[PDB]
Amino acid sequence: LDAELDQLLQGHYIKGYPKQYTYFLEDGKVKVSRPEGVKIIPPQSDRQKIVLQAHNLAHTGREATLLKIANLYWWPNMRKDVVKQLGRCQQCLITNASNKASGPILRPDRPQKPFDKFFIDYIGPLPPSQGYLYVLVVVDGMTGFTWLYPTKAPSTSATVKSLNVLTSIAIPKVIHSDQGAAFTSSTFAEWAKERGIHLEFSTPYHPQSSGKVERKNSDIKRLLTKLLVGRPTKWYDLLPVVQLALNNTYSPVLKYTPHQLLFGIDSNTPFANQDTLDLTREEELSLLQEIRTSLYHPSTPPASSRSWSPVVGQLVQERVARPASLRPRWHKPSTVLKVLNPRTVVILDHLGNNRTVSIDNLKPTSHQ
């Protein structure tokens, strides 16, 4: 404060104030003659308030805040004080966007077997067709084989009705779903435990986590659209057609249809493949086991030039999910309890609850 500035005036040296400039008094304030002009050197006991005043004009970031201050003042290491304040501005921290991207996506292993893992999700509301508004899509992780059920609501009860019918064929080890009301209800939890089925949930607001089924939704909608061009949108009666159509369509990267992956032999549908006509069923299942293990699997892509990956103990912020108009897009800072994988973390939210959360719904808190 006034101690430092005094020693300075009588020509002595203080660490931080370069010796080659002339420091004087004028109008009752300590000034210095810098290349850009004459600036006031405020006492250290005043500087926080100055930085705060400059910042608060428009809640500016580093450079835009500095440039204001620099108009009137100079002192050692100005930006350090600016950054100190930016890191303490609740309002900036929870309103500003991030400027660091997420780390590169994971490509989880393909389920080893049919029925190892189902991915389920709803599509809708669709235009009413026979009183139905939604479609339950169930996609076997290994094969891609898909089942379609029309519903009136994305409800637990309609989910249960459909899956009772599907699981007539086989019971899955795991069913993966997002956090829809339908899937997280305790009635649905019971229904699964009853059958030795383990429930797995996506992190919230991250449909990529259900990518297997989401992507299938795309094809389902795309084929429905084509079939309905120039007609009224009576989709109910096409669900079965679409199901069959898609389960028997080739994935050019794999060179197999989901049907083939599930059964190792085409049924009596158009253009059935015949290559195994002369093998026994047992010879056929043997070639199937081999085809199943050798399927193409993609790798994690390169990180973008400015991504971040979560560290235990880091201050990070969760995106507000459904932010009201003119309200912050981020929650208050919170801490990384566990790095589940490089794209998934548990955080303690200051309330504080444990939340499992995608890094896509996080930013690293700025300025530490």
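Residue indices: 1-based, along the sequence shown.
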Pick between 241-249 and 75-83: the one whose mean CA B-factor in the entry is higher.
75-83
Give the stretch, out of 37-45 and 329-337, with the larger mean C-alpha temperature factor in the deposited entry.
37-45
Going by the entry, which of 289, 98, 218, 257 has the most elevated CA B factor?
289
Just grab whichever of 69, 57, 32, 64 has the top CA B-factor as deposited.
32
Could you look up the Cα B-factor of residue 281 in the entry and say which third of the chain it sits in: lowest, middle or highest?
highest
Based on the deposited C-alpha B factors for this chain, I'd like to know if residue 198 is in the lowest, middle or highest third.
middle
Assert third(CA B-factor, residue 119) within chain per record equals lowest
Where does the C-alpha B-factor of residue 129 rank in its chain, lowest, middle or highest third?
highest
Split the chain's modelled residues into thirds by Cα B-factor; is residue 103 in the lowest, middle or highest one?
lowest
